[PDB]
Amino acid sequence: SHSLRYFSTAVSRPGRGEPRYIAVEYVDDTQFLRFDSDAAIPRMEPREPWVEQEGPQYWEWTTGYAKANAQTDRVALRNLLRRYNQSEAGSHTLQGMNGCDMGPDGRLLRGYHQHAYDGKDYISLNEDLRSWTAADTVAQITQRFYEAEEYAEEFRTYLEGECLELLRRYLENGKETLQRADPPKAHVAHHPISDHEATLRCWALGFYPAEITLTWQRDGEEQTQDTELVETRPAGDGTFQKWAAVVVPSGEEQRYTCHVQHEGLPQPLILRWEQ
């Protein structure tokens, strides 16, 4: 039903100074927190109004684990560089993600603890949350460290106990922003590409959250391979945009229907190009 996420990116800059650490936190598709080690005042900062009300202990706590993770990933970047036998002249990336998915009953649907090195999967917590998957031989060093610390059990307790409690806190404080579902505003645009062909583009605007499904059908049969999609994009006001397009023969436009699925709609919508 809802999700709480922590994202971190550690990027080394050989010769240009120490690695940069950028961390952000999301409730679903809304980013309420950020941390940047390059700021003059590297503290955790509110990105949304409803989290600005938190007291001083919250900001010392959030800035606390942001700085600690920044330190952790800086040491990890130099350790990974050695274990992979890589040159110190090159730049490398360490990404990580953790958080919980909470169901409508308030319980844990899924936990996540995972890292990626140079954009490739490195190590991840499995679904049972008692075990790890190491991507390569080097990652087995981290796995054995995790097992010696019994770290899966420690983080499972956070996922079950506090992660859900933090998410409930945010969903209450951010109730107006977080608990909304804005349905899409949908329409079909017609763009002739030639004398015998035209583009039918199905637009979806102003919808939240970002998850949506736009499909094209011809006489009821979905055109999976012939449909062009764009990455769902933020409008900047807290909503999202997407479109799906298909190239159709001129004069056959009426055989085609767009289908819009979004959780903000009472049910799926069907659209035709209206001439």
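In case it trips you up, residue 1 is the first one in the sequence shown, and so on.
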Looking only at C-alpha temperature factors in the entry, 231-239 or 52-60, the higher average sits in 52-60
Read off the CA B-factors in the entry, average them over 168-176 and over 182-190, and name the higher stretch. 168-176
Take the CA temperature factors straight from the PDB entry and tell me which of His92, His113, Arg201, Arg82 peaks. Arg82
Based on the PDB entry, the highest CA temperature factor among the options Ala135, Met97, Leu205, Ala148 is that of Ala148
Among all modelled residues of this chain, ranked by Cα B factor, put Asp226 in the bottom, middle or top third, i.e. lowest, middle or highest. highest
Based on the entry's values, in what third of the chain does the Cα temperature factor of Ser37 lie: lowest, middle or highest? highest
Grab the CA temperature factor for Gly251 from the record and place it in the lowest, middle or highest third of its chain. middle
Select lowest, middle or highest to describe the third in which the CA B-factor of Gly119 falls within its chain in this entry. lowest
Which third, lowest, middle or highest, does the C-alpha temperature factor of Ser8 belong to within its own chain? lowest
